[PDB]
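The chain below stands alone and is given in structure tokens; this is the form deposited in one PDB entry.
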């Protein structure tokens, strides 16, 4: 199991020690407060009122937690995933990323605390 912080201003994302293999079942829990600029802060689901202006993941709100598995496209994580199985053709190391517009991570603040575990399968 992996546990760590994902900083909102980390454009490259946080690499985990988790390698998703075909058939794996995983659970993720994410908590905390972060911002993509404003003085306010949002949780792992991000800001539901902010328009998508070129987010790295169009399937989640700005300020949400998302992930990549290997060289996949971005996948929404939000508050987390419960005993979750990846789509076929997806496999590799899990990198966690704060959802923002590329090149704009500089003024981000806060972070999410995240646990990732592999479940029984």
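Residue numbers count along the first chain shown, from 1.
What comes next is about the form deposited with a small molecule bound, which is not displayed.
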| property | result |
| --- | --- |
| Close approach of residue 33 to the small molecule in the bound PDB entry, 4.5 Å, heavy atom | no |
| Close approach of residue 75 to the small molecule in the bound PDB entry, 4.5 Å, heavy atom | yes |
| Proximity of residue 81 to the small molecule in the bound PDB entry, heavy atoms at 4.5 Å | yes |
